[PDB]
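To begin, one chain is listed below as structure tokens, in the form deposited in one PDB entry.
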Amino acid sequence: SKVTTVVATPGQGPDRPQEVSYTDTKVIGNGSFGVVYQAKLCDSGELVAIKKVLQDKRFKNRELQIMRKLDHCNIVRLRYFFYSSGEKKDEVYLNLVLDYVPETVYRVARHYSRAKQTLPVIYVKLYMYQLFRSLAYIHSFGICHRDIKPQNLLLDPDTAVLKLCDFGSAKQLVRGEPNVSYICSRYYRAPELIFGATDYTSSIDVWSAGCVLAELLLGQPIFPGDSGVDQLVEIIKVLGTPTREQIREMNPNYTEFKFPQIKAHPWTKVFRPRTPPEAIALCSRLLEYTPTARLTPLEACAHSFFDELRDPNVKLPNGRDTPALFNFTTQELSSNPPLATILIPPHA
């Protein structure tokens, strides 16, 4: 029954440091700079996850700066932060104390995949819609997450509430200022990142979200491979060889390379026959070579695949209310305010 106290700064609101006490620590995962712990805050009994990141003594940490600015129901909340020692001798670590969420979209997907069963489509709609809302929100600040994948989609399995996490790659993108191409994880990388582009946009997150959607509909990742060349072969087998015009929209240094010559596979044959046609249609507007031809997150939210979510009588299969879906702010709608007519139905 050990109680630990530390002085920490709240993640939002007052900059005043406070004493915070926690107990019941236990290891739950592994981070790039140290183990990840669960703990229970003494004042409230709420569970948190504490993760460590290396403090750069010359630049303030981008993930902290981003997570202090965000406040959205589909983004994991930063409760507190503080500094400590850690795994490497002589180093200072930033500790981010996050609201704990016990499951992920990846766990649910693997659960159904291993059972050889299709994830019910109502859950596919709920998860993807919430993911697109979180993207609309961060993209409205200019922030690109750069590492969208199912393991970074936290899930409360009972309430179906999804929260995007892991902003350790996120960056405010600025047109004309280059960015590293080596972000985003295997299976989920947009083709212009596979091609090494340094001038990409937030539409890389929309490609990754289309990969998540396809994976939930297929029961396995749609573009697997351990090397970019294997991944690209899977992409070309579906989308067909990219044209020179398309390659120039991704990375013009690649226009003249020799690529496998394959005709596009029909989108209706990519998925199993009973896949709902609106889900296929949505996927085809997300997994597009040309980055500017991909839907924006708000446009994806307004897509007819999500119309069931806007029906007054929709419930979860377990009889519960749907989670919050229509509490858009001005900030979140700012890329295109009058999608609100679709987005906020009359009963909301």
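Under this definition, the rigid core comprises the largest set of C-alpha atoms superposing within 1.5 Å between the forms. Note that residue numbering begins at 1 and tracks the sequence as displayed.
Just so you know, the form deposited in another entry exists too; it's not on screen, but the next bit is about it.
> Quick check for you: superpose on the rigid core, then look between the shown form and the other one for a C-alpha move of 2 Å or more. Which of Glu103, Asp71, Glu91, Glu278 is it?
By this measure, the answer is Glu91.
> Superposing on the rigid core, I want to see if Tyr112 changes position between the shown form and the other one - specifically a Cα shift of 2 Å or more.
No, the C-alpha position differs by under 2 Å between the shown form and the other one.
> Please say whether, between the shown form and the other one, the C-alpha of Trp267 moves by 2 Å or more once the core is aligned.
No, because once the rigid core is superposed, the C-alpha of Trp267 moves less than 2 Å between the shown form and the other one.
> With the core lined up, does the C-alpha of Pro291 move 2 Å or more between the shown form and the other one?
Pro291: C-alpha displaced by less than 2 Å between the shown form and the other one.
> Considering a change of 3 Å or more, are the Cα atoms of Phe223 and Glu256 closer or farther in the other form than here?
Pair moves closer in the other form.
> Looking in the other form, are the Cα atoms of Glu87 and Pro102 closer together or farther apart than here, the change being 3 Å or more?
Relative to the shown form, the pair is farther apart.
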